[PDB]
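Given as structure tokens, the chain that follows is alone and in the form deposited in one PDB entry.
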């Protein structure tokens, strides 16, 4: 039995969570480059945790690296097909690129993935507004 690199190497998910807290805080402080390097490491250690690909993609987007962010969100979307944040942040990147039709498609996808789920109240609103602007 082996699924992730961290599991194979007996790195506990508690070590990963401490590294995620560090990366998350670096991101919130505006240290996008430093956070991106911890998120690279976390993505290699556990390539099934959506938060690590959301974070890598958020650092890239913050640095204006829209295509690289979309790559992280494209992997996340195939790895976790019900997670609306992937198509949602991809659409944010596509808007910065001026690709309104593509952005709209992803926003409709995010909407279908959040329907009737109580956890996504705030995001539901964010998505409505954005489509309307478009």
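Positions refer to the first chain, counted from 1.
Although it is not shown, the form deposited with a partner chain bound is what the next lines describe.
Taking non-hydrogen atoms only, residue 95 never approaches its partner chain to within 4.5 angstroms in the deposited bound form.
In the deposited bound form, its partner chain sits within 4.5 Å of a heavy atom belonging to residue 58. Although the partner is absent here, residue 17 is a contact residue: one of its heavy atoms lies within 4.5 angstroms of its partner chain in the deposited bound form.
Proximity of residue 21 to its partner chain in the deposited bound form: non-hydrogen atoms within 4.5 Å are present.
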